[PDB]
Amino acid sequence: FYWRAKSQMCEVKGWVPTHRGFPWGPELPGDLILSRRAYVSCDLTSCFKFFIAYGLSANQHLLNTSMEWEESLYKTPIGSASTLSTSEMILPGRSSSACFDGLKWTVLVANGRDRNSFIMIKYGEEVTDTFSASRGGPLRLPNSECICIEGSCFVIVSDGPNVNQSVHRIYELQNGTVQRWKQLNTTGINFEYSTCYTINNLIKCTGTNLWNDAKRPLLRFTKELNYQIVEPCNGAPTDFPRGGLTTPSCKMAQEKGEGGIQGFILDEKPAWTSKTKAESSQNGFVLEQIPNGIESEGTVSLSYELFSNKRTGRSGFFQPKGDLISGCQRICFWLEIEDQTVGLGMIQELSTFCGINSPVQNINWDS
């Protein structure tokens, strides 16, 4: 009676937006909480945006408050703008993860800048657990939904002061309580900003290598925490920044591998890849289907240019949990759309897209 994915993932032949971002910019209404590190996650009924607040607007500018350095996590329904009257403060935190197990929300937040850093866990309204940095901190949560299968919830936690040598662990939770953890062998790479989905009792995640790779590393693991980390084997890297296309291999792409941005790869057969339109700008977003999976040479069948000119940012998976018509498990993603404002710089608003089995035209969503 706890939640678990439907037995098979739906075929995906295209992606339709279920929500464009609230279309702010160059102006925006007062009383809006401005957000970063937002992601979406759903209960059995509807979906919510989870986010770190960093400011509140009024007259086109930021209210001078302490919101930027006193970081707290908030929640807002997907269908509502993020105002004070409509958003709820959940916990203090600078990064986070959240997921509904069918019964209650499990919410994790990290606080503290270095060795003082620690993670708190909430189950429903009740704080149920804590743990500390083990490798110098700061502890870092993914800013994407954690993954629940039949009452067990899994999240990737990062540690270490440098991308030089980060440490990453899978924590397994029940009732908001750590049952165990496994340290991953990630020698030679960096694996931040994990975004994940579940199917076939497995959990799959796409990382961001901020150290030495413009391709995105992939993690796959079971509920017993047996795992593998693999590299995409095409020659089209998907991080930003990145370099140009190279010949397909299983090697990392190290040209411009430094830095990066949260993003995802649908690790199925067919596999889908996603990235900005060009390598020179954070503009547009392109989804490409690879029939033979991400460990093939990468031959692209379908290719959708969902955004062409609009500046874009982080993206990640989320899964609908209470579908009643689909016999199969749907997959969706959230994506930051970036808008310039007149009075408070650049802002991020989430759009959401879901996979559908039926094909569709290459519509540009800029307008």
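The numbering used is simple: start at 1 and walk along the sequence shown.
Mean CA temperature factor is higher for 353-361 when stretches 339-347 and 353-361 are set side by side in the entry.
Stretch comparison (23-31 versus 299-307) by mean CA B-factor in the PDB entry places 299-307 on top. Taking only the listed residues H168, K277, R216, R220, the entry reports the highest CA temperature factor at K277.
Of the candidates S95, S194, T246, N175, the one whose C-alpha carries the top B factor in the deposited record is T246. Per-chain ranking of the deposited C-alpha B factor places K122 in the middle third. Looking at the C-alpha B-factors along this chain, the one for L91 belongs to the lowest third. Annotation for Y74: C-alpha temperature factor in the lowest third relative to the rest of the modelled chain, per the entry.
When the CA B factors of the chain's modelled residues are split into thirds, the value for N59 lands in the highest one. When all modelled residues of the chain are sorted by CA temperature factor, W181 is found within the middle third.
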